[PDB]
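Single chain ahead, written as structure tokens, the form deposited in one PDB entry.
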């Protein structure tokens, strides 16, 4: 064949294979098995070669997508990082890149929808690359998706908040086990929202939760400076309309 399989890196989405690219120097790639539209969109994004998204190298034809392989993801990086964890400035750098990648996507009307440490890739030189977007665990899901009310771009900024926190904590902020658990565990930290921030005509009303009050976020994210707290909270806003965008996030003072 033109590629040659070696491992599974691996499962979702659903399988991702590490493969030898025989034609191009035996380098490692990642092979992946409205369609030709999503594919078309993916090729159009490639034309911009944004440095914070995985490169698409080839499309073969049922459907095999050939992407850039990177040795680790954020999960494995947070695993192996020595105590006392990710340096403050490294967290700040990795966040900027994350939001850069995301804004690039959002600005080209692509919503990721499943951001998590497992498809945030971390290059040996420390470059952040987003993977596993543009094709078709609730700990990273936004409220509006749990509630099944809206699926616009803000959905991904909620996931960014969760990741930001986890870069400090080295463990997830919201480890729910069901949509309803997840929603519960979220409001336990951020508090019950105003009645007019609660989506209209969804199955779950505000009154299905008695998660009294907002607890100060630094109790859960020890290490976090004042500015990170501000940013993190603007990301973890209940109302998608009031949530900060990737674009505004790029200008937040936290990144001065």
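Heads up, when I say rigid core I mean the largest set of C-alphas that superpose within 1.5 Å between the two forms. Residue numbers count along the first chain shown, from 1.
Keep in mind the form deposited in another entry is missing from the figure; the text below concerns it.
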Completion exercise
Superposing on the rigid core between this form and the one not shown, the only one of 26, 194, 51, 191 with a Cα displacement of 2 Å or more is 26
Handout entry: After fitting the core, residue 221 CA displacement of 2 Å or more between this form and the one not shown
Key = no
Exercise for the section: Note whether the distance between the C-alpha atoms of residue 105 and residue 21 decreases (closer) or increases (farther) in the other entry, against the displayed form; the change is 3 Å or more. Expected result: farther
Completion exercise
Checked in the other entry: CA of residue 121 to CA of residue 39 differs by 3 Å or more, atoms lying closer
